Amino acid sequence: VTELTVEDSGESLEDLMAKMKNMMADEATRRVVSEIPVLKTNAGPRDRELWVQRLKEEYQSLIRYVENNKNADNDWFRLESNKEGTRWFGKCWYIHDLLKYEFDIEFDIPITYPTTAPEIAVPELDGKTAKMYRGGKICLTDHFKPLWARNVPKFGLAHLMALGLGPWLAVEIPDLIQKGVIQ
């Protein structure tokens, strides 16, 4: 009986070493982000004219993401900020049991954005879960804070949503529904 042994094709070592990395990256992440347009300007909120230009980029990114959400019927959030774009506020809509679940969310914009990501808060679900800092500041997967750092400064707030919050919802919210801390 022919036991499964390495058979030889016409691929070089590199054809392969490459093809490894096209299995060794996250397809989900790559899928998610491929759609979100990446940002350019490395400016933070004290950087005046440069900060505004980053801000236009942030708005463009978010727009195209909300717009991708609508296209795939996954319009799951709403956001806006003060004038200086340095302070943010919005709503997220989890569906679970064909039940809708709204939650109020709010984050600042660190001094050292875009290098340092912003810490989201959910001030109402404050206390009702275990992956949350005091006050309402969600604790994200370990994956994220490092992933963010490799891409700096290409990731912006739409990324912080689609990779950060977006995941954290599909975990906690199923959990708090069945635990009845929300109904």
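All residue numbers refer to positions in the sequence shown, first residue = 1.
- Mean CA temperature factor is higher for 168-176 when stretches 168-176 and 9-17 are set side by side in the entry.
- Judged by mean Cα B factor in the deposited record, 124-132 ranks above the other of 124-132 and 29-37.
- Looking only at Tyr113, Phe107, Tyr94, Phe77, the residue with the top Cα B factor in the deposited structure is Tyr94.
- As recorded in the entry, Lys137 carries the highest CA temperature factor of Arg54, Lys137, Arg64, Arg46.
- Among the modelled residues of the chain, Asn68 sits in the highest third by CA temperature factor in this PDB entry.
- Per the PDB record, residue ranking by Cα B-factor puts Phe89 in the lowest third of the chain.
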